[PDB]
Structures are given as C-alpha cells and as structure tokens.
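# What the coordinates show
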Amino acid sequence: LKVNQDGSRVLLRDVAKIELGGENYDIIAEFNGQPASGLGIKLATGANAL
Amino acid sequence: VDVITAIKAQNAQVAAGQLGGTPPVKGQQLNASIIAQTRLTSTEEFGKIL
C-alpha cells in the first residue's frame, strides 16, 4: 500500500484482516440449532415435481 | 465542462452503508440504513449548485 520514507513497507495485512468470509452476512441458517446451509430449490413453470 | 462536472458531482445518488450492519458486533441492538447524498428535487436546488 505504501513505502515509508524510512524505507519500511506498508502491506495490506498491516492495516487489515484478510480472510475468506462471505459476500453477504444477512442470512443465517440453523438446522435444529446447528449451523447449516442449503438450497431452496424452486420448481420450473409447467414441470413435473416428482 | 465546469457546469457539467458540477451538476454531476452535486446531483447524484451515493451509497453509504448501514448502522449496525452485518457481520455485527456481539452486543449490537440497533440497525438503521445510512442515507447520503440523493438527487436534487427543484430548480432552486439546482440554482444553488456551486
């Protein structure tokens, strides 16, 4: 991000936490209290459900 | 060019964020959307563009 006049170098980790998180944090799914994810599949128009 | 730049800078919609958005702090109780610069509404506001 920057090179100080003292010669030291500022890295992104010096000013931030870098991790793998999520694009969004608004939806939290719990199955019987345990953390969970899942797929809310929807049937296409005029399609067999079975 | 100056007029167009001023009108584009001073008549715009700007995304701001959220108070107490996700991922939040553990004890957060309040959540509110942050409103920021929005489009002008009247000839009077346009005339006051600097």
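Residues numbered from 1 in each chain as written, not as in the entry; some residues may be left out. Chains lettered and ligands numbered in written order. Part of a larger assembly, values for the part shown. Heavy atoms only, no water.

Scanning chain B from N- to C-terminus turns up two helices and two strands. For chain B, the succession of helices and strands along the chain, N to C, is α-β-β-α. Scaling as 2.2 N^0.38, a compact globule of 50 residues should have a C-alpha radius of gyration of about 10 Å, whereas chain B reaches 16 Å, well beyond that. Relative to its 50 residues, chain B shows a buried fraction of 6%. Counted over contacts in chain B with a minimum sequence separation of 6, partners at least 24 positions apart contribute 49%. When the accessible surface of chain B is split by element, carbon and sulfur atoms take 59% of a total near 4,300 Å². (Helix = DSSP H or I, 4+ residues; strand = E, 2+ residues; numbered from the N terminus. Rg over C-alpha atoms; globule rule 2.2 N^0.38 Å. Buried < 20%, exposed > 50% of the residue type's maximum accessible area, 1.4 Å probe, protein only. Contact = heavy atoms within 4.5 Å. Areas by Shrake-Rupley, 256 points an atom, 1.4 Å probe, with all protein chains shown as cover.)

Once that is clear, we can look at the pattern of salt bridges. All names here are of chain B. Counted by the stated rule, this structure contains one salt bridge over all chains. Note that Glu 44 is salt-bridged to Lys 48, the shortest N-O span being 2.2 Å. The exposure class assigned to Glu 44 is exposed, which follows from its relative accessible area of 52%. Given the relative accessible area of 54%, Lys 48 is considered exposed. (Salt bridge = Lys/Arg side-chain N within 4 Å of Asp/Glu carboxyl O.)

Residue and element names in this part refer to chain A. On the surface, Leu 1, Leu 12, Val 15 and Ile 18 cluster together into a nonpolar patch covering about 440 Å² of accessible area. Looking at the element boundaries, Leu 1 is found in the segment before β1 (2-3). Exposure remark for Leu 1: the relative accessible area of 66% places this residue in the exposed category. (Patch = residues over 30% accessible without salt bridge, like charges linked within 9 Å, V, L, I, M, F, W, Y side chains within 5 Å.)

Further remarks concern unusual backbone geometry. In this chain, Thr22(B) is followed by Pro23(B) through a cis amide linkage whose omega measures 0 degrees. Non-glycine residue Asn32(A) carries a positive phi angle of around 55 degrees. With respect to the helices, strands and loops of the structure, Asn32(A) is situated in the loop between β3 (29-31) and β4 (34-36).

Along the chain, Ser42(B) turns up in the loop between β2 (32-34) and α2 (43-47). Note: C-alpha distance between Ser42(B) and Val14(B) (28 residues apart in sequence) is 19 Å.

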